[PDB]
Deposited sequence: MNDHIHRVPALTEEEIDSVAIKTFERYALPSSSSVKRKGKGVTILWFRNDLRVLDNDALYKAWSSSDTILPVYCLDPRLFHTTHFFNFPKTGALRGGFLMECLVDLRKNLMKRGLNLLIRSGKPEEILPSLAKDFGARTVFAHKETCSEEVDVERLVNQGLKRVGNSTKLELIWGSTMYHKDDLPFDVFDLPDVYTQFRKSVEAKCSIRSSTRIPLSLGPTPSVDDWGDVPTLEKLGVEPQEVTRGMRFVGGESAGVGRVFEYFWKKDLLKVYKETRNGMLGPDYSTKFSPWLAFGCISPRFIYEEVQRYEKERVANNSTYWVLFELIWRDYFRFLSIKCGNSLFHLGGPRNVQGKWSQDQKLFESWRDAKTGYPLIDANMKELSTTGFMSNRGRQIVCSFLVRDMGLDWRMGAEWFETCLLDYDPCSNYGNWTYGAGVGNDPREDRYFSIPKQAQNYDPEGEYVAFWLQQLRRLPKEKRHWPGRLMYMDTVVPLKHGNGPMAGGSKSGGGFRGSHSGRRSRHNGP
């Protein structure tokens, strides 16, 4: 049944393990450790061992480490404004896989992974007291929901006050402390930010981790990774398109696959606007979202590729694209919750429709427009959508359907494996024209976009069976009778 189903990476479990081992070794910290006492390493979206500063700082300042992951109940409630599931089944499955792999990789280094179900502010203070932990390490987050959790955990520790919460920044290519400006003065135009950081910042080298990470505390029950039904979520199968394999191993496997095995890095720029297949682009996003791989690691591999293979505009463009990710992270700090408001960071006034019927046709891939439906179907079936497609469906929902852009944003939040509040709401803000950079505040012509990015209509055909046997031109505009009625006319 795995017909037209593409495993990402395509590598077999065996190949992934092999590639992962040699990657770990290539970056291993040569055979020192001072520190003292016990320390708790709280994960949350940085599910990897490699370039992990929180892990290093933890090991560097202790005798024994207790790595922990809390399955936050809130993660499986509903979305903010329109109440879609907080985490869709596909991303949930990806997460479980990430935890399985993280535990495996941690055990390889003499550690393990304590899995607990509950709120971090309740679990961590308890564990800190039970093991007499001196500190709790973890990465610093930026959006309000995550920052609020940090506050609660911090106050929880004090409420019990011999354990300090140590939040380490580390999720971007360029470090926050190395920027040419304070985040409050982040340029509102990406171009200004990009040029500025490229010329005045320099990227830090990846943090090398020892192959042996000392012992863990005693612990009589490390728990286990839940099924999903146990979490109130019903497993979902990818029936066509890309599946995506969770975990750092698979992630490092994809970098290897895209750069070295397939040698596609040198042509990335000329294919990045594709919409069909795993080859047109990196496909790193889901692993970057859960922190299974880091941008600094990617940068090092790009440099090694430019040193051993070739260097051109394509090898560079992957970095250019990672600066977009960095930009939205910093933007989330400067914008705060205005990133989530209807008026956006520019607080634009006006009214938008929340027409349930219209939104449902968009979400259900039944708008009558092949280019639109194909993308929406890919999204709900695989949890991924090309950048080109995301831009298009955003323009369509906002401009053509005139719907509250947040309805589209939250649906993306439910479905995307690579969902990230900064990137998601950041880009939606751009496309919906409610941000402070007019770059994407225009209009995407479905007919033009379809012709330029899917001339043979093979993308739309791959997803919409009704168009499989139709000629090139019919795939672009099949007509209501050969496809279905259009839920709304085109144009503002």
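Of the deposited sequence, positions 32 to 35, 165, 498 to 526 lack any modelled C-alpha atom.
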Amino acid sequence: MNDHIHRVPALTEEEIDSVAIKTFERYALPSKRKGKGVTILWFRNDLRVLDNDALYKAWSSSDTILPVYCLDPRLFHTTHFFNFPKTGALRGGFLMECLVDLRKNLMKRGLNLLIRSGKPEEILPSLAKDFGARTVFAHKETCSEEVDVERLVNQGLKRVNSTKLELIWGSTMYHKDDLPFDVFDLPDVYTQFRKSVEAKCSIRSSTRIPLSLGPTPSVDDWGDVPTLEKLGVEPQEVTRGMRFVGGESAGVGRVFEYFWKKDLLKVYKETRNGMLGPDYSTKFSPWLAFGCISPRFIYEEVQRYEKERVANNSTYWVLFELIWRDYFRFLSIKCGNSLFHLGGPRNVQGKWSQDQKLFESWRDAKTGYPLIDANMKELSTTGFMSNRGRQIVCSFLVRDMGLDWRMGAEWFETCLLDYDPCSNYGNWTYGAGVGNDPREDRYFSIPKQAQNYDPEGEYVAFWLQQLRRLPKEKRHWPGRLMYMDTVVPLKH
From here on, numbers count along this sequence of modelled residues.
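Taking the mean C-alpha B-factor of each stretch as recorded, 450 to 458 and 419 to 427 are not equal, and the higher mean is that of 450 to 458. Stretches 320 to 328 and 116 to 124 differ in mean C-alpha B factor, with the higher average recorded for 116 to 124. The PDB entry assigns the greatest CA B-factor among 192, 387, 239, 356 to 356. In the PDB entry, the Cα temperature factor peaks, among 101, 150, 221, 185, at 221. Residue 315: CA B factor lies in the middle third for its chain, per the PDB record. Among the modelled residues of its chain, residue 348 has a C-alpha B-factor that falls in the highest third, as given in the PDB entry. Residue 251: CA B factor lies in the lowest third for its chain, per the PDB record.
Remark: residue 444 belongs to the highest third of its chain, ranked by C-alpha B-factor as recorded. When the modelled residues of the chain are ordered by their C-alpha B factor, residue 405 lands in the lowest third.
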